[PDB]
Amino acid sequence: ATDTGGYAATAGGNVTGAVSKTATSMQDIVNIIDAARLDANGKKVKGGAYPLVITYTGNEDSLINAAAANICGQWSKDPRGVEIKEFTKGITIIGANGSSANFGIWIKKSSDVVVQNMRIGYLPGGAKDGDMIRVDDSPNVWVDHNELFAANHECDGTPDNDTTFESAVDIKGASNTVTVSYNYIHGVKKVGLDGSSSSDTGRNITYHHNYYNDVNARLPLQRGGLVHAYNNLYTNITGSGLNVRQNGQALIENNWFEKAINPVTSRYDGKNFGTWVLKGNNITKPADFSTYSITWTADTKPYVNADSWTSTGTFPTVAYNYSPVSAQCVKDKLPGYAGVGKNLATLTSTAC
């Protein structure tokens, strides 16, 4: 099936003629994809020669544990990552239970890519774009059931005082349809962009069933386009949550917000505010702000906060089929479905 519960519709490498491969290291993933570009005669095929389902069984806990003990030594190191460039045959990278990576997955000008069950953390090279996951000019990408983490902290003297660590899931360019679901994102200062600049507007992205904990900002920092955020559990947000900018439209439904500062806002530009349609969240009126520890702050430039907790715009009819559970059920059940080792389980009303 190509159903992701969001805008992206892809089966990834799970199609007719898929070749299954086992990668035991980063370098293996690199060599495997490289071989997947060759035809029966050894000549390269544009977009790839055949579909792939790579099961990553490597484990880099040692690297992860060492970086966690000295987080400020990470930013200056060389970034580590596997690039999936111009591969359109369909590819799925799935981590085996127990696998871990201290390298990122960078998708560029590709399509039909699924990344599942990967535990990625404390990547080196924050000053050199060391993203855990990057989706650039790539439509139909599904980032599901991964655990993306680092430390929600900024060391002194880093370039732009913002490069201790890079992002969890940055999306830019023509990544027209993307679904980011069931991820356990924790300890990340900059979660993810949805547009790299004021000019990089557009895309239809869906963030669902994600569990965010101890994150500073960008859930996402949206620039234009559409964002459908449903059934996410947002806790301990130390900066701001969904920042809807450049006239972007957001549909925020059935999420659970708690201990969050500026959970829904439009700031930093001073103009062209985005809009949001709020519905079914645990917060229903300003009165709930104290109940769930929601705080608001101003910005030096003109801004708009959802402090009245009312819809400020409209949202087109959601194309795909999806069935959200109640915000309370996400608060109760989600932690057990989000992340790695959950066998890619999904939260249904039956389980509520």
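Each residue number is its position in the shown sequence, starting from 1.
When the mean C-alpha temperature factors of 57-65 and 279-287 are read from the deposited coordinates, 279-287 comes out higher. When 122-130 is weighed against 71-79, 71-79 comes out higher, by mean CA B-factor as recorded in the entry. Ranking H186, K190, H228, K259 by the C-alpha B-factor listed in the PDB entry places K259 at the top.
In this PDB entry, the Cα temperature factor of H209 sits in the bottom third of its chain's modelled residues, the lowest group. In the deposited entry, the Cα temperature factor of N216 places it in the lowest third of its chain's modelled residues. The deposited CA B-factor of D112 belongs to the middle third of values across its chain.
When the CA B factors of the chain's modelled residues are split into thirds, the value for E166 lands in the middle one. Per-chain ranking of the deposited C-alpha B factor places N102 in the lowest third.
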